[PDB]
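Okay, so here's the structure we're looking at.
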Amino acid sequence: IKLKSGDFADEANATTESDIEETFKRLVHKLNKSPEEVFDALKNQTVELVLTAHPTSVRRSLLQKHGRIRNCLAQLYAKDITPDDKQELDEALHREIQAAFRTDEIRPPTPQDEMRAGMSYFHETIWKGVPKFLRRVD
Amino acid sequence: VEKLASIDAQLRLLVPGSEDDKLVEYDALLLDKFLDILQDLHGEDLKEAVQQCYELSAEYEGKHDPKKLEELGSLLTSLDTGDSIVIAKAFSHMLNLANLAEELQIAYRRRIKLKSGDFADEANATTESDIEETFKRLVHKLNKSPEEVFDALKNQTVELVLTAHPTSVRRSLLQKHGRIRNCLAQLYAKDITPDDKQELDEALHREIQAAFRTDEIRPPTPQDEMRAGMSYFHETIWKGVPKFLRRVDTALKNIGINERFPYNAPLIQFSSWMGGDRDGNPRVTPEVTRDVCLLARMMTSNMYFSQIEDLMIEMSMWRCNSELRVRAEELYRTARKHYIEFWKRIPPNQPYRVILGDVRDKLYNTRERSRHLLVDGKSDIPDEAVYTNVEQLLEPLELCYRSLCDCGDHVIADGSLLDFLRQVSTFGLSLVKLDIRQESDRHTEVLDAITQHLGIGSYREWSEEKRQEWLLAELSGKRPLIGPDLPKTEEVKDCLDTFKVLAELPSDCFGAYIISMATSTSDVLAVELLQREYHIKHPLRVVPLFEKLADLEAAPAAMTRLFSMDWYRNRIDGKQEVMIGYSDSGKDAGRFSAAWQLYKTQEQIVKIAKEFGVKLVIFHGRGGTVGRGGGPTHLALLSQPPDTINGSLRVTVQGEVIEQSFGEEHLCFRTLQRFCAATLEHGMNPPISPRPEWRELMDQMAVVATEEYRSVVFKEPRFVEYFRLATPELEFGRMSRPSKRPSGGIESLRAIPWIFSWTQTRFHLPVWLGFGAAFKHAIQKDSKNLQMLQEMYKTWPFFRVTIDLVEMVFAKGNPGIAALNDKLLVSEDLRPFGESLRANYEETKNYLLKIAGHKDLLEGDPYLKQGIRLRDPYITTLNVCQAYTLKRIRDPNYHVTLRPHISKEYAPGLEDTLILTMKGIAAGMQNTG
Amino acid sequence: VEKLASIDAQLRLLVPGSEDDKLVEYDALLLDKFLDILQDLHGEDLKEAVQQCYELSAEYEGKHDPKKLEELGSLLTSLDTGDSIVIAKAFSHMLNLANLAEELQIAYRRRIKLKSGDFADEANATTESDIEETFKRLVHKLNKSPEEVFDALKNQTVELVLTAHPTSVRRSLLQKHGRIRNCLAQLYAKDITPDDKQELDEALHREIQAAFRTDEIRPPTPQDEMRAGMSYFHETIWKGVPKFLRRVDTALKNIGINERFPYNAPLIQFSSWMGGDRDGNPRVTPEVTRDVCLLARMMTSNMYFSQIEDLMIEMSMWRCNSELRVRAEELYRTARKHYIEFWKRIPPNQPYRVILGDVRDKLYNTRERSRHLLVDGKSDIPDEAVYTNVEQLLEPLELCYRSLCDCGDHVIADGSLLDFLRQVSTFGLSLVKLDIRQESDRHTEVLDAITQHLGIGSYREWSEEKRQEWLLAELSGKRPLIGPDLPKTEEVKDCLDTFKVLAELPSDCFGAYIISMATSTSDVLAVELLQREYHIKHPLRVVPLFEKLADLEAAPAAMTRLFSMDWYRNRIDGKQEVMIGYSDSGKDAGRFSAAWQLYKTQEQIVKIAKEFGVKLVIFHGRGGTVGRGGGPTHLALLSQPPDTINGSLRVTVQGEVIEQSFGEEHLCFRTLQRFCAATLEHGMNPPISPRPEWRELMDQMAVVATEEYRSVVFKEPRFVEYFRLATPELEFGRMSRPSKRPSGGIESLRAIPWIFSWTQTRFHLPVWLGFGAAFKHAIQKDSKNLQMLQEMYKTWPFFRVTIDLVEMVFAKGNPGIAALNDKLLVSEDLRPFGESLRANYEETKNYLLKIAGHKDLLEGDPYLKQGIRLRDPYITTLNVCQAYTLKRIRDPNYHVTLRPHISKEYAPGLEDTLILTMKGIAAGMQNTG
Ligand SMILES: O=P(O)(O)OC[C@H]1O[C@H](O)[C@H](O)[C@@H](O)[C@@H]1O
Ligand SMILES: O=P(O)(O)OC[C@H]1O[C@H](O)[C@H](O)[C@@H](O)[C@@H]1O
């Protein structure tokens, strides 16, 4: 949403919540902080995310299939897309679902593997995510 | 290649920019095209002169450097009468363009899809509820059945009373405004050819010029001023109404009602003051009133007539029920044409056409009788040949309609035929009904003549109890009061003749008789008696308008007494309408105290009507939050005290708002929409009632505000000299109508002038004065009040709506203009008095902000703010031009070196330049108080 | 949720689908909405019956299983008269829908951006050249200066002659077709609300039903049939022309001409046969002709009149030149109103309005005089009060125009005023000029009466040389030929009275006097003489129409002789028009030999006119490639022999093509556009001249083709019995007008009937017969001819255009229908004769393919093919229904078990069902021969 009520309720929903710039601006304009003070607060801020193990947790292979499926799907919905590319993305999609469905072996796994799991999600997303976000801060 | 991108760039600076936000582009293009035109017609030299003014005004609007204002002064004041006229025209015309662009932007701005559900959402067009959403809220959030909603609606009436523009535009020029707005709309459509673009370009360029060159120098008669109106209806409302009612139909489908809104349910009704309101206005004679009825009757017949021919073509069907087939045969049988579409006879082979042909002739005749009556005074044309009553015109249409359904063709019947039924039913034989308004003292003058001529003393000298006793006696009198040989002053004759006119004309021409400056039971009986004297068969309902605060405080007693009288209870037949006027009452006691008092008065009068079994309608005169137009009207209506609408809304649509409200089909539609939706919702979902703490604080603030307002306006003896100097008020007073009802003083001055004078000046005193004292005193008495005030702004619609309006005005305000005025026009001894008022402006504004919880004006409403920021430079140029012109007019010996004449070409004076200026500013400011 | 996606799915099967290709969706929606309507009105049961027929026809159109056709037969033939009427209406109505959808698809299909430059590109709307592209080609590819192009154009005339629909639709029903087409257009626009969609849906649904229920059972008078026309012009051409001329203006900008196309340059002119053509048609009396002139005059005045009021409102300007200011003063001075917009007097404050008010009154009067003359016969109204000549009406508009420019407002002057000037100048006082046509033998009959009554012998008995000698003598005779007391048969009186009518009426009503069945110099002189006898002040130009091949071969000698006569050379004043008729000539000798002969005849007559200093105009009668409408017309015009247009085009717009060409604003515009562009290009860029080998082969093929055509049609004695049986020709002949000029035989039968009979039947014999013999013989004589023929198809526009038309017809052909017909209607002894013709169909088609280098019909033109494939199932159902109906009519004793009645509701027979059928098929087939 482009114009937001300004109520704190807006921050409970992804479509209305504030991104970093809007937050800075609220702080500067609605709260009389100088850019320098905000920048300074931020420079000294730490956010630590502690990752716990899935209480039931999924395979690095299967993750990537989930990703491939999610991308195929994302791509099928784009204008300026050929009958052929659509046809080929279709079979790509169809194929990657099956590949996931057929990755279903019956087993316990060691803490080492359960953790070697983690080192995936970071590869997959956080490792690239962090620079992207910090550049947005910039 | 590109003048535009630069003009766009320099327009963006004024308001930073986004998606469907084309306003700056729109304004840029229009401005760029308009400049070229100035160049062609008046020469490079002048074009630059115009740009310079703009650049300066814009530079000023950003920083607010009083230097810029002076540079602007040096420029404007150095122009001969000829060139200043041109600049004044130019800026005055760029404004109208900027408004069209804004109409268009507003029309196509995207609705927000998911809404908070807060009542605040109803104050803005993007977030407010359409009719379906309203139905759904009522059904789901409020446990009403579809049937109950449908039922409420079926019984609901919404009456919009049209008043004359207080400065008003030409039917030609309207249509140019439309054409320009359409060309513009069309230039922004994808899948558009280079050629079509090129051709639309020149179409646009051409239509701006055509408007610019429609600028002749003038007064016009009430008849023409009204014949104006009959345009806007053609242009937009006539079509709007069916479109909206069809939407009601669709909305009813979607909540599970499987039938259309009855075509004869009088949901929407229109009315007018034009030729009706004679309060402090002797130009509005009886003959005027007779003429506006006949015009209305005529034009309406003409409208029905010019579209009947299209319905006739559409109605090519031959399968009908017998009821119809008979009546067709009859009509062909009775046959043996001035116009041409169907200039022939018609085979009963096609019966629907036969009926509609008769209808056409009857409509033509009805048109012609009204035409001859209007120009001759007699007309040799039988009532048989003509519609004297709307039922007569509906009947054949209902016939066709039924026939179609019966033959299995309801689907066809619900097309144009239905639209036509709805039009007929909404607009009747007279597009608008006319209200009559005259001030109480006049009826007194008349009765006094009568009593004195009868030898029984002086009605004027009698006490209220006596007047009532006498009036009731004569209301059952067994012999007339009035002879032909009664001595009459011109005023008394004028007043009595108005009743002769009311008796002679068909009653479907008229609405209410409003009594201006009402104060008592006798005031209303007086009018009842004179109606009886003239044996008016269907007397108009009498509507007191209570203006001054005291008159408001006395109203309940007056209404109670009325309702206590059997004579009266039985005449009004369960229905009373009372009028109120925000501007009027606020001229007496300040806007704040007037707002609050009106809330309470309505509450009390509602309670009183309830007790006596009377359905009470409150007619909202001008000045309300409720006459703002746009979304704010939506919330304003929902903000009304509980049970004050009760299925029947009646509101003034102020002339200075008719364009915004109706001039563009989408806005027209949404205007109609919100009036209908809000009215409906309110009866089933009133706003919360104020907490007693709030009443208590509001009462406390009212006293202080009224004290401040009166201190400054009435008590301070310097004030009128200030007003007379700092303000074009005197010059306005050499006009619309006498703005002083020659008595002297502000209490004597009428409200429109009062509001208008200070609007010209961008200072707006009448709207905010007293809010500051009230706020300051309440906070200084107790800092916890700030919290209370804020809770009130957050939670109490009335309060919110009341503060938003004042906020909007401050956004259109600029005290620098007021300051310049002081410096140019006001004597050295009165400047500190001005400074003092500007100080109060600021302090009031700041409290108002603190209460709404905003840093800047209109944080809640960026779109509105953008609209204003864009208009401003143009207005500023007019203010400045105006100020110096006022100087030159007032001071025969002020002179400065004039620049050699700048305009080319290939008698007018200062007064003309001033008018241009007064009208540009007024159209840039739209509504305020 | 979804009947539609399925109906879409089953419609796709018929033609595989893409981008802006909405046709299948459009057709699907329309069909789905139409079915619901059949359900509401007639019941599930019937709806299914209709679907079944469709499913069968569709299944048939895909595979071509004769079984399907029979299943369909079993169904259709088992329906009582009542139900078959309904099905016939239904399919006949789904066709009209399918055509609207196609109009819309054609209107919005995307232009190709980069074009090959081949002349083939001009045969298709997506690739053909608009006016600007044409200018540019001429300037850049052909070294013409802008000035030369502009100049050519300024002198160019394009005359479109409108003929009556050979079966013609109602002004009401047109407008429904428009409304349906618009609702549809609107349903496909993004940024469209759920509500608007919902409401447009019901609007659509409603307007289809309204059309479906406008279906009353009939003959109508020439007057009404013509009063039809005055619709299409209102609807589309009246507005179209200014729109196009403004595009010409824009196109001229973009090649550097800095002025607009002169508003009085007669670029576009319209004409009509309605009430004019009396050839083999005694219903078209003199009185008819007098009436169509007066109607024309009336309605035209009315059109100018209903828009003047809008121009008057627009012309609010007050600044004028003196020339105007005088004339305004004069007019206000001379003042002291039936209608209402301006029912008042007007201040000279606004002078443009004063003029235009006068103009309005004069237009009204002109309307009224024509109205009274029309219904009474006298009218007491002075020529002074009225426009008797277009200059009189232009003058005040030119005045306003000039005034505006002079005051600096040309930009405004080039808006509606200009459009109005252009309309006036294009349409004059009579929207169309009327051509008169009568057959030569009639003039002979008249002259014979005269000569015999004079006692000098028998004009009929005289030799050509004698007739000429006598005619010239009497053309300079010193005393009248004709007494009031001359013995006259009804025909001779009818013919003579036509000239009395031509003399009495204003000459701006009339165009040409066409002589049907012309063959000689005397034929034209005869008409000249009778015009002199009736002292017609401005005689109409005489235009021989040479029909039969022999008559074409003799035409050059006849024209040469005419041009040799001083009497004649001096009367025609440098200008001769000659008519030709593709269908007519092709009825004599086959389409092929007629095409070729007409190429040569034009060449020779051009050469002959050039030699005598005569500007020759060739009036294209019906049947051409050039009367196809759409792009193909574009190339057809460019394909004409060199110097045959020379700045003046005159072509018939066949009734069965007027809807496609004009009924939709975009197609209207492009029709006008290509006619103007092609005409312009041709005079500066003729097609290549045929190589002598090509002439030689074409001559050789012509003989063979004519031999085959005549062998089958005239020489074979079995043919007429075949025709009479295999074809609704006889039943058509109990109607428009007598299709046999009672003489007996094909040579006697008129061409429209000839074409139409075989079109109904999907077999189209008149269009292709003889092409096969010609092709086969040329290839069998020498296989290298195939190559030559192909080079001709690739390189010779005439040839290409000639083959494309025949190809298009084969695409609308289906020999199975012809085969079914044989089996149902034709006796056992004639079936092998049918088989033989079907064999010739196939063989002709296959050669035609081999020559165009296509595997399948219309490879070059998928869009056209798609249009046809979609229509077909509907047509097929009509063919089958038709066939059995023809059986039941012809055979009182053929009966089959009728299904119990299927339609519900909530006197008609077979003949009625047959008409429905004849008209559905005809509207599905549009133009062929
Ligand atoms: O306000 P006045 O100067 O009396 O002028 C006219 C106006 O007056 C009142 O306030 C009424 O409430 C309005 O319906 C009207 O437009
Ligand atoms: O062809 P006919 O049966 O004579 O009927 C009328 C037609 O005839 C000719 O071919 C003409 O060339 C046309 O302008 C006309 O539409």
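Protein chains in written order, with PDB author numbering: chain B, 119 to 174, 176 to 226, 229 to 259; chain A, 6 to 22, 25 to 174, 176 to 226, 229 to 346, 350 to 748, 752 to 757, 759 to 923, 944 to 966; chain A', 6 to 22, 25 to 174, 176 to 226, 229 to 346, 350 to 748, 752 to 757, 759 to 923, 944 to 966. A prime marks a further copy of an entry chain.
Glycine residues also receive a C-beta, built at the ideal position from the N, C-alpha and C atoms.
A:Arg307 touches chain A' at which residues, Cβ-Cβ below 9 Å? Numbered from its first residue, the second sequence carries residue 307 of chain A at position 297. Within chain A', no residue comes near A:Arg307; the closest Cβ sits about 12 Å away, beyond 9 Å.
The stretch 313 to 328 of chain A: positions lying closer than 8 Å to chain A' by Cβ: When C-beta distances to chain A' are compared with 8 Å, the residues of the stretch 313 to 328 of chain A below that value are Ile323, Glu324, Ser326, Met327, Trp328, in chain order.
Are any of the Cβ atoms in chain A nearer than 9 Å to that of A':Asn362? In the third sequence, counting from the first residue as 1, residue 362 of chain A' sits at position 349. Closer than 9 Å to some Cβ of chain A, the Cβ of A':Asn362 qualifies, so yes.
Cross-chain neighbours of A':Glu333 in chain A, by beta carbon under 7 Å: Residue 333 of chain A' sits at position 323 when you count from the first residue of the third sequence. Under a criterion of Cβ atoms nearer than 7 Å, no residue of chain A is adjacent to A':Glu333; the nearest Cβ is some 16 Å distant.
Enumerate in chain order the residues of its own chain whose CB-to-CB distance from A':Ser311 is below 6 Å, with the five nearest sequence positions on each side excluded. Here residue 311 of chain A' refers to the residue found at position 301 when the third sequence is read from its first residue. Only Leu376, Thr379, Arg380 meet the Cβ criterion.
Just reading off the beta strand (DSSP E) that A:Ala525 is part of, what are its end residues? Taking the second sequence and counting its residues from 1, the one referred to as residue 525 of chain A is at position 512. Note, A:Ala525: beta strand (DSSP E), 523 to 531.
Backbone CA spacing between A:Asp454 and A:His918 [nearest angstrom]: Locating residue 454 of chain A in the second sequence gives position 441, counting from the first residue. Locating residue 918 of chain A in the second sequence gives position 901, counting from the first residue. When the Cα atoms are used, A:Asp454 and A:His918 turn out to be separated by approximately 54 Å.
By the criterion of Cβ-Cβ separation under 8 Å, what are the contact partners of A':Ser180 in chain A? Here residue 180 of chain A' is taken as the residue at index 172 of the third sequence, counted from 1. Chain order gives the chain A residues near A':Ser180 as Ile323, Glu324, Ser326, where near means a beta carbon separation below 8 Å.
Okay, do the stretch 643 to 654 of chain A and the stretch 204 to 221 of chain A touch, 3+ Cβ pairs below 8 Å being the bar? No, they do not touch.
Just to confirm the assignment, what range does the alpha helix (DSSP H) spanning residue 934 of chain A have? As shown, the structure holds no coordinates for residue 934 of chain A; chain A passes over it, running from 923 to 944.
Going by Cα to Cα distance, which pick from A':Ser438, A':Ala35, A':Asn659 is closest to A':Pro272? Here residue 272 of chain A' refers to the residue found at position 262 of the third sequence. Among A':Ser438, A':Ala35, A':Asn659, the Cα nearest to that of A':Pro272 is on A':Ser438.
How is the alpha helix (DSSP H) around A':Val459 delimited, first residue to last? Sequence index remark: in the third sequence, residue 459 of chain A' carries index 446 (1-based). Residues 453 to 466.
State buried or exposed for A:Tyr414, treating a residue as buried only when at least 16 other CB atoms are found within 10 Å of its CB. Start at 1 with the first residue of the second sequence, and residue 414 of chain A comes out as number 401. With 16 or more other Cβ atoms within 10 Å, it is buried.
B:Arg214 to A':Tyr196, Cα distance in whole Å? Start at 1 with the first residue of the first sequence, and residue 214 of chain B comes out as number 95. Start at 1 with the first residue of the third sequence, and residue 196 of chain A' comes out as number 188. Each residue's Cα considered, the two are about 36 Å apart.
Please report whether the beta-carbon of residue 4 of chain A' lies at a distance below 9 Å from any beta-carbon of chain A. Nothing can be reported for residue 4 of chain A', as the shown portion of chain A' is limited to 6 through 966.
Amino acids of chain A, ordered along the chain, whose beta-carbon sits closer than 7 Å to that of A':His679: Here the question's residue 679 of chain A' lines up with position 666 in the third sequence. Near A':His679 there are no residues of chain A at all, since even the closest Cβ is about 11 Å away, more than 7 Å.
Contact check, A:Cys508 vs A:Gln451 under 8 Å by CB: the rounded distance? Taking the second sequence and counting its residues from 1, the one referred to as residue 508 of chain A is at position 495. Taking the second sequence and counting its residues from 1, the one referred to as residue 451 of chain A is at position 438. Distance from A:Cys508 to A:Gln451 at the Cβ level is roughly 7 Å; contact confirmed, criterion being Cβ atoms closer than 8 Å.
For the beta strand (DSSP E) that A:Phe280 lies in, which residues bound it at each end? Start at 1 with the first residue of the second sequence, and residue 280 of chain A comes out as number 270. Residues 278 to 282.
Considering only the alpha carbon of each residue, which of A':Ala14, A':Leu19, A':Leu9, A':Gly696 lies closest to A':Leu887? Start at 1 with the first residue of the third sequence, and residue 887 of chain A' comes out as number 870. For the set A':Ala14, A':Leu19, A':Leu9, A':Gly696, the Cα lying nearest the Cα of A':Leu887 is the one of A':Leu19.
So the beta strand (DSSP E) A':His633 belongs to, where does it begin and stop? In the third sequence, counting from the first residue as 1, residue 633 of chain A' sits at position 620. Going by DSSP, A':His633 is part of the beta strand (DSSP E) stretching over 628 to 633.
Close beta carbons around A':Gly830, own chain, < 6 Å, minus the five adjacent residues each side: Here the question's residue 830 of chain A' lines up with position 813 in the third sequence. Answer for A':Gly830: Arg779, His781, listed in chain order.
Beta carbons nearer than 8 Å to chain B: which residues of the stretch 583 to 614 of chain A have them? So nothing in the stretch comes that close.
Starting from the beta carbon of A':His912, find every residue of chain A whose beta carbon is closer than 8 Å, and list them in chain order. Along the third sequence, one-based indexing puts residue 912 of chain A' at 895. Under the 8 Å cutoff, chain A gives no residues; its nearest Cβ is about 31 Å from A':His912.
Report the three-state DSSP secondary structure of A:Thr141 (helix, strand or coil). The residue labelled residue 141 of chain A in the question sits at position 134 within the second sequence. For A:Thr141, the secondary structure class from DSSP, reduced to helix, strand or coil, is helix.
Can you find the residues in the same chain that come closer than 7 Å, C-beta to C-beta, to A:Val505, ignoring five residues on each side of it along the sequence? On the second sequence, position 492 is the one that residue 505 of chain A refers to. Hits under 7 Å: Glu458, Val459, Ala462.
Measure the beta-carbon distance from A:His466 to A:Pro500 and round it to whole angstroms, keeping in mind my assumption that it falls under 8 Å. For this step, residue 466 of chain A is matched to residue 453 along the second sequence. For this step, residue 500 of chain A is matched to residue 487 along the second sequence. Their Cβ separation, rounded to whole angstroms, is 6 Å, which keeps A:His466 and A:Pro500 in contact under 8 Å.
So, under 8 Å CB-CB, A:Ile94 and A:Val57 are touching, yes? Tell me the CB distance rounded to an integer number of Å. As a position in the second sequence, residue 94 of chain A is number 87, starting the count at 1. As a position in the second sequence, residue 57 of chain A is number 50, starting the count at 1. Cβ-Cβ separation between A:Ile94 and A:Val57: approximately 6 Å, consistent with a contact (criterion under 8 Å).
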